[PDB]
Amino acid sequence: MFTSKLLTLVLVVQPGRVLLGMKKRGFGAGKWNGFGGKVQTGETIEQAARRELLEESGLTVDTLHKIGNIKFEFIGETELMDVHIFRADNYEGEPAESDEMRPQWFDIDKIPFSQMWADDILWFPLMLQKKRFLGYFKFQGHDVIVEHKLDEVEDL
């Protein structure tokens, strides 16, 4: 890995359920996921996370918690993906479909992990316990994990 790209990911939760969206185009199309994107020059990471939540789901939030940082290395690439993960326990507005993503609430027992990125099932249990975490995954293509590190932490 020679260079890095910052990315964001936002999970909105309520008691017993999590808001995901079906990615309709682009990177990770066909997978359910949280909302997020890149960080423009002049934005903070949190500002960028809030922007993409609004553009993709129609929602805004007041309190937003930083919960995770996961680095992704894809075999054959020289750019690292540095993903900054946030949780909201409350929201403003009502979710609506965009050209990019279709939001849907899932009960905990219905989260569709076989139709999500392969990493998600491993850190979702930490997220649901209101924990913080650091990780690293090396992927061979989009659906095989070849190396994996993950740890609960106190601070990020």
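One-based numbering along the sequence shown.
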property: Greater mean Cα temperature factor according to the PDB record, 133-141 or 6-14; result: 133-141
property: Residue of maximum C-alpha B factor among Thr44, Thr63, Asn33, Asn69, per deposited coordinates; result: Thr63
property: Given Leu122, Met127, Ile108, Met116, the residue at which the Cα B factor reaches its maximum; result: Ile108
property: Among modelled residues of the same chain, the CA temperature factor third for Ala29; result: middle
property: Entry-reported Cα temperature factor of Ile75, expressed as the chain third it lands in; result: highest
property: B-factor third for the C-alpha atom of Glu92 within its chain; result: lowest
